[PDB]
């Protein structure tokens, strides 16, 4: 029982580190304004694939048995948070792609709102991965 929790705790550690990374790169784009719209559009598309990997690992562990009821709910909440983040990453990438081709002032503000909304979802993603890793550490 201990070594299936250890591997699981290794997973939240990777997810937690990846979330803390996306946090900083997102404010960096926020600091640079739009900068190169292609920069943000290429960055969003890559990080949505990162959240892709996270939700897939969690679902495989969610199919496992013997999980503590409270631990399963935190993983279920995180997996839900990942799918909504993959959404907002796509809405922000398309708004940055429309701003790159057009120079549109509306596609600019729309890419910034979707950037800011993706940032708020990333704060709670790291917070949920922190609380989940803390619960597993208590079980160990």
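Numbering follows the first chain given and starts at 1.
Mean C-alpha B-factor is higher over 35-43 than over the other stretch, the pair under comparison being 35-43 and 70-78.
As recorded in the PDB entry, 100-108 is the stretch of 53-61 and 100-108 with the greater mean C-alpha temperature factor. In the PDB entry, residue 91 places in the lowest third of its chain by CA B-factor. Placement of the Cα temperature factor of residue 24 within the chain: highest third of the modelled residues, per the deposited record. Sort the modelled residues of the chain by CA B factor and residue 5 lands in the middle third. Split the chain's modelled residues into thirds by C-alpha temperature factor. Residue 135 is in the lowest one.
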